[PDB]
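Here the structure comes first, spelled out in structure tokens, and everything after it is commentary.
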2 protein chains.
Amino acid sequence: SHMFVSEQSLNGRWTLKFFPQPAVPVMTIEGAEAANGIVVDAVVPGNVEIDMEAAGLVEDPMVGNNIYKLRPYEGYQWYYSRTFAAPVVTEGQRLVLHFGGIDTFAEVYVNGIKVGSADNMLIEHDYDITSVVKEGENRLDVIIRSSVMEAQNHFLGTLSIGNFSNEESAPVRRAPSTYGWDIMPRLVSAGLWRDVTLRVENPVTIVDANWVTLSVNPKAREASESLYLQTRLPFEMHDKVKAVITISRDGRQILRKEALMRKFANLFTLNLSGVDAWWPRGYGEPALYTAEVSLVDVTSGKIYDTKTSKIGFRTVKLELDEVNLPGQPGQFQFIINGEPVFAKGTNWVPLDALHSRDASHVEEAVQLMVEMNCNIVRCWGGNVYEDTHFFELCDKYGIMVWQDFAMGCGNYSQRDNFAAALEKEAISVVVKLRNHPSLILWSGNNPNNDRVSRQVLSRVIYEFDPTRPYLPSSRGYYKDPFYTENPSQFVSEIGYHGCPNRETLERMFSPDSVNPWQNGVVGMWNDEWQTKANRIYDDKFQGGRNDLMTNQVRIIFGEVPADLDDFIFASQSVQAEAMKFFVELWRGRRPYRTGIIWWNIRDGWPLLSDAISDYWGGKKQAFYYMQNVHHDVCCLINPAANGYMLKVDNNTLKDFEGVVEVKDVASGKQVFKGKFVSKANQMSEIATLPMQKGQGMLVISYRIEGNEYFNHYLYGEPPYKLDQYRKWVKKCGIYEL
Amino acid sequence: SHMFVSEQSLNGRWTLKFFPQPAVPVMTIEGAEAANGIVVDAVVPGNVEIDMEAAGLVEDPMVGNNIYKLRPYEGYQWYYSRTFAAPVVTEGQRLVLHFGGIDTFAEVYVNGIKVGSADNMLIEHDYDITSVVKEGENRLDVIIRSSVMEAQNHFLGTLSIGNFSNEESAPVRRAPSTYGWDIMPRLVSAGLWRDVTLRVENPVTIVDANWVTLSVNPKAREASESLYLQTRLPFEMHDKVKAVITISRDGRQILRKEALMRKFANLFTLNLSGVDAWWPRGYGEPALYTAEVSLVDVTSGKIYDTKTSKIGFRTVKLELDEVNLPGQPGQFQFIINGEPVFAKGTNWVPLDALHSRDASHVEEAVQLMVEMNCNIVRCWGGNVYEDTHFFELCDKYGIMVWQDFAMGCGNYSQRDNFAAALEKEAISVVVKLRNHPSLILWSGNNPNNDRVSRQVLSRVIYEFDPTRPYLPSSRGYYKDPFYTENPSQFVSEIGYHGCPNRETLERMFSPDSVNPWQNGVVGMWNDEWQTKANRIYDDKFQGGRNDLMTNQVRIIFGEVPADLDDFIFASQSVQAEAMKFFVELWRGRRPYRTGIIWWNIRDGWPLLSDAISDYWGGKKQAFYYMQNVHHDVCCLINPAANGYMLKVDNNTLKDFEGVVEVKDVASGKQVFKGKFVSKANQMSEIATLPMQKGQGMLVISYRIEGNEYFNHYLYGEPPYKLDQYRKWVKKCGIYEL
């Protein structure tokens, strides 16, 4: 919330004219209107493929192999055009044209006069159009050119070629996943994918309100909060404007401070009483306070500007362990408000290949994490930066955010132009997000002499966010020593394949391609299944990523099921047991293990992937398994040398008592029953259970403070029988089918 | 070989107009034609002094003191002018004006319109003149200004003044030796010293074909070769062009791979069978393979572009030792294809002061190294970068190349402008030479905080050549402890003075200046002998470098001879014994000693220097002495504590058996005869020979695999008798007089 004098939306219907980009790209209005192209109605915010599908010119890219039919448009130009009424601009005021998203390389014109040249799809773009606006009807024209073709204006270094990120992505500032990944389709797309507004500022305005938590005392309910305020202040207004700072919660005023404005930039330290600290989920309440600052004329009482946001009193420290594998990553632990927190959460991928539809999915997607009880989320660097509302939800629901700078698999340019473009991007995104309490870490996500991670991004954090840590860098049987003997205290990007629900299969695949076994030969994937797992370019081959699902089914159940529903249950049960085991293994091996960020919670396209819920919200079996091992206090079973260790993990700051009962599901015999005391913020061992004979499943039934919780442990050695496994799950009564 | 649509030569007769540079340098065509100057016929490629000498305006600078008469032209401007027919350029095609060498600061005009500004004589210059070319006769005009005068456009730091490299050389990007060195005349010169061509490119063209040897297995006859291909590819041509990669040898195809072009930049890995590794001389064959890549239309079969070059499957590592001297000079060894190689070779200096005649000397000069059996050559930083053909010869003949970035004695600018110019130069020369297997190392030749060596040049290698190492930094009696107790494992830049042959003396000097003793007083050099020493500026003085020659003759032979022919044999024998001892000393002290690069093999002006062959190809006595101690397997004698140690060195990967016989020349008495086993790639000790009485010479005769090899060892203590030494050489029968 930033109360300008006025904000007028330019969202709505525009005119979109597209045409193949000639050898000399079109950059002027005259050439854009003279170009031979097709004109359709467009929607802003949007993507050009959405407007084309509305016009009936492209088929639904979410179906079959229609994604490849968008290939020719990667070399097209896109000419947005509309008219707007000029807002009222009195003397001294400034008129700002704001684009939250321009994908990507575009020339912006107001009344035929160029006002800006854009080169980054991940950050905002503001242009002062005060001197070009006219009375009455005005013209806004944006000529976008081909992003793929922009790559050929650069010479790539050796290490920028041959990586998993496309070479076209290396020299340009766009979301690397747009060019194609293993979990994301190739849809470069284009268009104005976020809001376009007209803002009016007074000569006295708030440039930036930077809120920084300097100290927090959760027990005394105190906190010292700093406000680094920067303003535009004419000298005639010096000593005549005052800043009104207001901290409040639920309409109740906590603190109010007034200070005469004697200079454009000031630091205000607010020592607060009766305030609670912001905590991630499990460790306390996500206490948020409304922080408002206004510039008010001391005489007339005129309000020149107001900046409002919800802050959280919180400190973060990244404790790098350097005695146990100091050279290996993952040897770190987050310290929030002085307390070591164990992290459990998901990786955040694109919400949609057509990123204009991201905002409409943020609410549901964040609700998936709230149901899952994640206390952390790592926003993948192959994706765009999410908008303010996503971080607001993470503030409200107490989910810590690990933000990677937008860089993909590979090494990047060491030269001045890429550094200047990346520094401009880093300064923009940091200034935008640095006041959210959920944000806890910046990551360069990269050999260690790399100018980008070890200089440009680090230098921006040093000057513009010194209170948040910066990290310059980040599949057969789940019980393989590759997982069970992994030394990483903090593991991340750990996934497992799982077939989507049949309903999703029948919706993304053509009816002939819904069954995966082309010509009935099991193990052989038809061309549509191959595309939906994701093939980036239309190549005709057999095998690849799809062979993972089948291989995993054989390892656990001996044979691949021919029945499609039996194959879905088999594949989803493998993903469900594997993912649950990984979380239980890291939680059970505290205090050495410090966190686990799994991959991933939600797909951004109808796809066969490692996600536990698909693009249309269809939750796989893994989602419910994971849900029962993400509780604040979770009773679990880990393998032991001569049996099974029954443990109870506590990701809170309070102690708990309860009773746990483990029994074999097939025989009903009680293996253990007793009271347990789970001390706060630690793993507590209950009892070593004797080894069981053969295959089977144990059911864990525990109750804490009058609430019933359930879990299970599959013992024995695979291959198991799908029907016996099904019958174990059904008699266990925890999960459905 | 880069098959453009067409390449039309502009070499030949041009018009040259020269005039003194006024205070405001002429930079436009109008001022160039208006300036009062002299017009002569010129030849491209060439130097302006060559054109003037053809016009009878300057005397032969290679004779006497005529080099100083070119001084006034250091302040002149040079106006090249020519007409050319426009090549055929169809739609989409691009016309490129290519200059392989512009010395140096020049404004390039095509039809009166400026198309480029040049500021570096060491790299190519390409200008897209498509938009300025006209049908029919076209005009090409180049206005070069004074290089010396360009220096006064900069302010020099303290450490750039007083060094041995000229202050005029510090802020400009030219060969530092052009301004004067101890072994090179001061001839700044000017001109288009390399080819000028017109190239036509298709819209689909090859930008760069970077070949990199990823792994080699010399005994399996296998190797994995990577092709980093960058192209220009219009989007309409995406998915419609294929890359045809062809590895072959002697017209026999080894591998052919076709790949559809889906993006402009790709990495192709070629795992090859039946291929041999490239080895330096002695360690194996210089196996070269023809690597061709073409961009072919999949439908029409049209070939848009083809890039062909001869590659070599080879790996290189530089093993830096620390157990010994603290990262001191020489404490390293080259590891080629996993085998530690002992380096023996020469420093490479300018082939000509008028560098347009370099190319005409490359064949003969490389053949000097092949006759010498050098396996390495260090291209000196005071020289220009050699062209493609010189590296092709080093590929063909198995001579490793240690390339120094062009930089002279002294510290350089730490500011942005010089760093940006050097980065552009490094990027240009690295991309040009990074596909030659002979190229083995890049060197900054620089204190440890220097921006140039420890940042600009290092960052370019890190991004554009990560498979080649980068090194940020590089008497009287030859038995003085200064040499015999030198701790450098890899010695380099080690030389000894030697008077040239008499024919070179009679061709360099005036007939009265052929004898060195002015007015007959022995030891006093006339003004012409002083000039040829090289003396950069015409300052009259006695002594200097020339006193080194006489001093060495006195130490070894007690007195300098009066007869010029006896003085030549005395000075050349000193140089021959001194240089031979150095090579034998380093070869005999393996494995601690890792290499020796001596100075030098050839002169690039008619000069009195430490070279072992002069500018006109006259081999001094040292050339033949050296040739017999550069054999792949060499029997040598080193001094010992209580005698002499007969050793045999092996710079190959094979074993050799033979018989060696050592006997005193004067007497004829056998001192030793026996069989030896020279094990591969090491120094092997044969026998400790007993100490001999007084002065004399031992002759070493060894036979290996039915071949005849010879050497000798001068024993005793100087001064010797020049006649007695000559009788020893004549009775040995090895060397002539």
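FYI, nothing fancy with the structure tokens labels: chains A, B, ... in order, residues from 1 per chain, ligands from 1 as they appear.
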
Item checked: All residues 7 Å or closer to residue 173 (chain B), only C-alpha atoms, same chain fewer than 2 positions away omitted, as number ranges by chain -> B: 120-121, 171

Export of prior selection with N, CA and C atoms as a PDB file, in the first residue's frame:
ATOM      1  N   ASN B 120      44.721  -0.322 -31.833  1.00  0.00           N
ATOM      2  CA  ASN B 120      45.486  -1.477 -31.369  1.00  0.00           C
ATOM      3  C   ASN B 120      46.089  -2.163 -32.582  1.00  0.00           C
ATOM      4  N   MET B 121      47.415  -2.220 -32.652  1.00  0.00           N
ATOM      5  CA  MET B 121      48.070  -2.801 -33.819  1.00  0.00           C
ATOM      6  C   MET B 121      48.166  -4.324 -33.756  1.00  0.00           C
ATOM      7  N   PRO B 171      50.955   3.735 -22.361  1.00  0.00           N
ATOM      8  CA  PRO B 171      49.504   3.919 -22.490  1.00  0.00           C
ATOM      9  C   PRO B 171      48.894   3.443 -23.801  1.00  0.00           C
TER      10      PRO B 171
END

Margin query: Which residues are near residue 590 (chain A)? Cut-off 9 Å, only C-alpha atoms, ignore same chain within fewer than 5 positions. Put them as number ranges by chain.
Written below: A: 342, 489, 649, 682-683

Margin query: According to DSSP computed on the backbone, where in region 120-323 of chain B is there strand (DSSP E or B)? Give the residues as JSON, numbers by chain.
Written below: {"B": [120, 125, 126, 127, 128, 137, 138, 139, 140, 141, 142, 143, 144, 173, 191, 196, 197, 198, 199, 200, 201, 205, 206, 207, 208, 209, 210, 211, 212, 213, 214, 215, 216, 217, 222, 223, 224, 225, 226, 227, 228, 229, 230, 231, 232, 241, 242, 243, 244, 245, 246, 247, 248, 249, 252, 253, 254, 255, 256, 257, 258, 259, 260, 265, 266, 267, 268, 269, 270, 271, 272, 273, 278, 286, 289, 290, 291, 292, 293, 294, 295, 296, 297, 303, 304, 305, 306, 307, 308, 309, 310, 311, 316, 317, 318, 319, 320]}

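Using only C-alpha atoms, the chain B residues found within 7 Å of chain A amount to residues 228, 232, 235, 265, 266, 267, 459, 463 and 464 of chain B.
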
How would the residues just chosen look if you wrote them out with N, CA and C atoms as a PDB file, in the first residue's frame?
ATOM      1  N   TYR B 228      32.311 -26.092 -29.081  1.00  0.00           N
ATOM      2  CA  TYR B 228      31.464 -24.985 -28.644  1.00  0.00           C
ATOM      3  C   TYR B 228      31.207 -24.109 -29.861  1.00  0.00           C
ATOM      4  N   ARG B 232      25.270 -17.220 -36.124  1.00  0.00           N
ATOM      5  CA  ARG B 232      24.143 -16.351 -36.417  1.00  0.00           C
ATOM      6  C   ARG B 232      23.101 -17.175 -37.158  1.00  0.00           C
ATOM      7  N   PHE B 235      15.557 -16.615 -37.027  1.00  0.00           N
ATOM      8  CA  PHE B 235      14.611 -17.544 -36.420  1.00  0.00           C
ATOM      9  C   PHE B 235      13.867 -18.360 -37.467  1.00  0.00           C
ATOM     10  N   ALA B 265      23.631 -21.392 -30.236  1.00  0.00           N
ATOM     11  CA  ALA B 265      24.841 -21.854 -29.570  1.00  0.00           C
ATOM     12  C   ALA B 265      24.614 -23.255 -29.021  1.00  0.00           C
ATOM     13  N   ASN B 266      25.562 -24.155 -29.276  1.00  0.00           N
ATOM     14  CA  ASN B 266      25.437 -25.545 -28.862  1.00  0.00           C
ATOM     15  C   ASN B 266      26.798 -26.089 -28.455  1.00  0.00           C
ATOM     16  N   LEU B 267      26.767 -27.125 -27.622  1.00  0.00           N
ATOM     17  CA  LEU B 267      27.948 -27.902 -27.268  1.00  0.00           C
ATOM     18  C   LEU B 267      27.777 -29.312 -27.813  1.00  0.00           C
ATOM     19  N   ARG B 459      40.665 -12.985 -15.724  1.00  0.00           N
ATOM     20  CA  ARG B 459      39.221 -13.126 -15.883  1.00  0.00           C
ATOM     21  C   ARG B 459      38.850 -13.489 -17.315  1.00  0.00           C
ATOM     22  N   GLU B 463      36.995 -17.232 -18.450  1.00  0.00           N
ATOM     23  CA  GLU B 463      35.740 -17.312 -19.187  1.00  0.00           C
ATOM     24  C   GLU B 463      35.893 -17.860 -20.598  1.00  0.00           C
ATOM     25  N   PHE B 464      37.043 -17.656 -21.236  1.00  0.00           N
ATOM     26  CA  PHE B 464      37.202 -17.986 -22.642  1.00  0.00           C
ATOM     27  C   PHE B 464      38.240 -19.060 -22.921  1.00  0.00           C
TER      28      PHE B 464
END

Next item on the list: Taking the DSSP assignment computed from this structure's backbone, write out as number ranges by chain all residues of region 540-616 of chain A that belong to alpha helix (DSSP H).
Entry: A: 546-557, 564-588

Next item on the list: Would you mind listing what lies within 12 Å of region 58-60 of chain A as a list in words, with only C-alpha atoms counted and same-chain residues fewer than 3 positions away left out?
Entry: residues 48, 49, 50, 51, 52, 53, 54, 55, 63, 64, 65, 66, 67, 68, 69, 70, 71, 72, 73, 507, 508, 509, 510 and 606 of chain A

Next item on the list: Considering only C-alpha atoms, return as a PyMOL selection string whatever protein or nucleic-acid residues lie within 8 Å of residue 719 (chain A), sequence-local ones (same chain, fewer than 5 positions apart) excluded.
Entry: chain A and resi 554-558

Would you export the selected residues with C-alpha atoms as a PDB file, in the first residue's frame, please?
ATOM      1  CA  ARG A 554       9.604 -52.368 -10.093  1.00  0.00           C
ATOM      2  CA  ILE A 555      12.055 -51.806  -7.219  1.00  0.00           C
ATOM      3  CA  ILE A 556       9.273 -51.548  -4.623  1.00  0.00           C
ATOM      4  CA  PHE A 557       6.539 -53.781  -6.081  1.00  0.00           C
ATOM      5  CA  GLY A 558       8.429 -56.162  -8.372  1.00  0.00           C
TER       6      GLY A 558
END

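Pairwise distance (CA of residue 243 (chain B), CA of residue 204 (chain B)) equals 11.2 Å.
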
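Neighbouring residues of residue 330 (chain A) at 7 Å or closer, counting only C-alpha atoms and skipping chain neighbours under 3 positions away, are residues 488, 489, 490 and 491 of chain A.
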
Export of the given selection (C-alpha atoms) as a PDB file, in the first residue's frame:
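Once written, result-v9.pdb looks like this:
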ATOM      1  CA  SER A 488      24.280 -32.822   4.414  1.00  0.00           C
ATOM      2  CA  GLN A 489      22.848 -31.342   7.608  1.00  0.00           C
ATOM      3  CA  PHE A 490      20.526 -29.183   5.470  1.00  0.00           C
ATOM      4  CA  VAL A 491      19.377 -31.081   2.380  1.00  0.00           C
TER       5      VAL A 491
END

Check: What's the 12 Å shell around residue 288 (chain B), counting only C-alpha atoms, without same-chain residues fewer than 2 positions away, as a PyMOL selection string?
Finding: chain B and resi 247-250+275-280+285-286+290-291+309-314+392-398+435-438

Margin query: Can you tell me which residues surround region 613-617 of chain A at a distance of at most 7 Å, considering only C-alpha atoms, apart from same-chain residues fewer than 4 positions away, and format the answer as a ChimeraX atom specification?
Written below: /A:500,601-606,623

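Note that CA of residue 484 (chain B) and CA of residue 336 (chain B) are 28.2 Å apart.
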
Next item on the list: Could you tell me how far CA of residue 212 (chain B) lies from CA of residue 271 (chain B), in Å and to one decimal?
Entry: 12.2 Å
